[PDB]
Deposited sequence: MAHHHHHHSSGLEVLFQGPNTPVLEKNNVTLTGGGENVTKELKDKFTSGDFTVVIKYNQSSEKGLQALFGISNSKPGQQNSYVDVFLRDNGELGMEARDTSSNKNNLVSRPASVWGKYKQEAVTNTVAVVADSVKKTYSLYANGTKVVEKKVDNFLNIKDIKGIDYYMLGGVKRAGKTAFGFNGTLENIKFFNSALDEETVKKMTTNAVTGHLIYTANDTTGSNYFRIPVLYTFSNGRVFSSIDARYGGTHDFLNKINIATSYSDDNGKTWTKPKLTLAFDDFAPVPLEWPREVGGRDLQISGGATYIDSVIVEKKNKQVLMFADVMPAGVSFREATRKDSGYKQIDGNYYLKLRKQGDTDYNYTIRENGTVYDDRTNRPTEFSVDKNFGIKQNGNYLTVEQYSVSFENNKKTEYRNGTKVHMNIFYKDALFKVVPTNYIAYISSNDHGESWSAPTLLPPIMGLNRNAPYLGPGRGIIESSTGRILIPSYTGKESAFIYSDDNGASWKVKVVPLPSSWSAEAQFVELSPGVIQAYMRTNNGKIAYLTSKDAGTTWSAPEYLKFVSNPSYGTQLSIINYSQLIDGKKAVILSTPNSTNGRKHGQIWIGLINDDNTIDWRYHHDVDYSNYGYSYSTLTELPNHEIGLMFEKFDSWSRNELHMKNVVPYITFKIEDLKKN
């Protein structure tokens, strides 16, 4: 039970002395503090409480828990005379505002001198636990004489003044156990996660959210389940899905939808320290960056990039499709172990052919790229990962089918990237086996890289359009036969853009592709013939981002706003990083120019905001899922439970 509990303490920098209440309560020196608070101003460094030596010369002798204006939660524990200075923290731990209101967060700190660890919790998640060599509890700091809410008394002055309301604050004179404190910090923020660390997927990490609303009124999500931290590469990544049959209120437990099993779907504690965060899973095959579209006949497509083990955006040969042309048909090449050339193709029924003799072999390749010999599966041992800061990838005794995308395969595909698609006839309950896309860029070129989010059906032609990019060009993958066959329009860009794009239709036959660039701006290209030819790029005047850029989301909206047809855009908007998420409403004019009339800031401007996805809910509200952190920063790698789902009414989005 609490040694002290206070409530509804509103403050604006000044703090409140509780020295009389807490002096003499902390017998061992260990402590737990749980704080339910909301901020009225996020600016500056703010302490939720402070325990200090207030006397002159002793300003580096204190304990506190602090909040930064970018959502970082941390704690310090410092002693002047021994020059001991502990700082434990994690970025992107709290929420600032939501729809014009200060957000209530619940955070906690645990100091355990037996373990020599400081632990921090926020909103149901243990955001960090750190064993420290120079551990300090309250009794270890010389001359503690001052205990304060909403600041730290340093040399008789109030430092780090907190602005807001401490709704409830509990001080305990012992280290409370992990599961209790997780429970105490659980609140409404906790329930905005669809995908959670070590849920049904087995993944501790997630990135690249996608939302889509189907014609039947189901709302559907896909996401990258990234098992080896959040690294784009190298990594072990599956695509997970989850859906809602009630306008987004409740969601199904996540299922794996695209996955390889050369590594198992298991939780790994990826090291965040500078010395380990660069580590990667190197040996594992991957699906990455999903795109969803619903056809006119209500069948659903999902596309994803496919990386064989060892291959990424970085390693993939750019000069080979992985396909061969034989009598006007395209067939995937394979290289057998011990050969240097690619002497084999996969042809009809998955039969592996020796191209030299033009004869079928005894080998075949199944619908999931698994290898058979005489109609029986070849096997390989699955890998596990183990730590200590010593990472090892090792064979674990479990047998899985040998696969042409694996490290230990007898027959291997060219080490480049591919695109695969799967189809569903039951709005995402079940999915067909993956089909690899044919060499639409040419035989001597790797496939493009998907622009995550959604594709579209252009209404005047029924053309299906899937966005992708090469690093130098936009690659608009399309089908004019309701998805039976695919072509591409390649459009050279002004520079080396990572041209992650999304489409909107302005009017029949007129589409725009809005995309990331390498120049700091969002570009948009216009076609007035349903995607066949594209104008020169124009740029939005009101977004200004770092040169590297970030993925965006833009969707058509079904209902009139101010009597006009509308589009809705989600993007970060800050030259300081992947920060300052905004939702913009653009109203289409009769001449097909857009009036960008409204914008809404999702949280405060220094809070993290990376990849995002929008959908129109059946009730005509808006669903938003996004990466509430900076996914470019090397400081914000390998963080759990940082991809929330939130919703807006149009009237909410009109404000800011």
- line: Per the record, the structure omits deposited positions 1 to 20, 409
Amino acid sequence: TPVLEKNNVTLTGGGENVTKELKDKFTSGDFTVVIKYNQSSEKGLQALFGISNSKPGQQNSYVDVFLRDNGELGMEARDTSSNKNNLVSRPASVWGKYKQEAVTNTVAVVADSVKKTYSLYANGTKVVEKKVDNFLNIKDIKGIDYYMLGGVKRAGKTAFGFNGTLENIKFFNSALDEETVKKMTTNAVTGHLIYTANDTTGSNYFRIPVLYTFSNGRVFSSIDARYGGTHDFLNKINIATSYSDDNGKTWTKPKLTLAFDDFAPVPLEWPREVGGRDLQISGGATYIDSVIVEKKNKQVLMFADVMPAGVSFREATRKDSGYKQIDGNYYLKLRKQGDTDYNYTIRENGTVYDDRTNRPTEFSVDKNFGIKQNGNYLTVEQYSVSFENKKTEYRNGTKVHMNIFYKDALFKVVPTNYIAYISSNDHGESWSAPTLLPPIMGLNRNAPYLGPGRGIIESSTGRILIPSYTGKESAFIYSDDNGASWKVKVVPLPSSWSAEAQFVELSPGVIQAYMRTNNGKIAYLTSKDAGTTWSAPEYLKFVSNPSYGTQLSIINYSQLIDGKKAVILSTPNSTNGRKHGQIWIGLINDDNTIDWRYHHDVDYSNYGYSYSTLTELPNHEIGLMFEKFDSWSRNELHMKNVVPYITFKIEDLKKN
From here on, numbers count along this sequence of modelled residues.
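Superpose the two forms; the largest set of C-alphas matching within 1.5 Å is the rigid core.
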task: Could you say which moves further from this form in 4 other deposited structures of this protein, stretch 314 to 322 or stretch 208 to 216, by root mean square CA distance after aligning on the core?
output: 314 to 322
- prompt: Taking C-alpha RMS after core alignment, which stretch differs more from the shown form in 4 other deposited structures of this protein: 165 to 173, or 305 to 313?
  reply: 305 to 313
field: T186 unmodelled in at least a third of other compared entries
entry: no
- request: State whether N389, though modelled here, is left unmodelled in a third or more of the other entries compared.
  value: yes
- prompt: As stated in the PDB record, which stretch has the larger average Cα B-factor, 77 to 85 or 277 to 285?
  reply: 77 to 85
- request: Output the stretch having the higher mean C-alpha B factor in the entry; the candidates are 322 to 330 and 412 to 420.
  value: 322 to 330
- prompt: Which is it among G623, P618, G608, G44: the one with the largest CA B-factor in the entry?
  reply: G44
message: Given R516, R335, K131, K97, identify the residue with the highest C-alpha B factor in the PDB entry.
response: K131
message: Please place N53 in the lowest, middle or highest third of its chain according to the CA B-factor in the PDB entry.
response: highest
field: Cα B factor band for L22 (lowest, middle or highest third within the chain)
entry: highest
query: Lowest, middle or highest third: where is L614 by Cα B-factor in its chain?
result: lowest
message: Please say which third, lowest, middle or highest, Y62 falls into when its CA temperature factor is compared across its chain.
response: highest
field: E315, C-alpha B-factor rank within chain (lowest, middle or highest third)
entry: highest
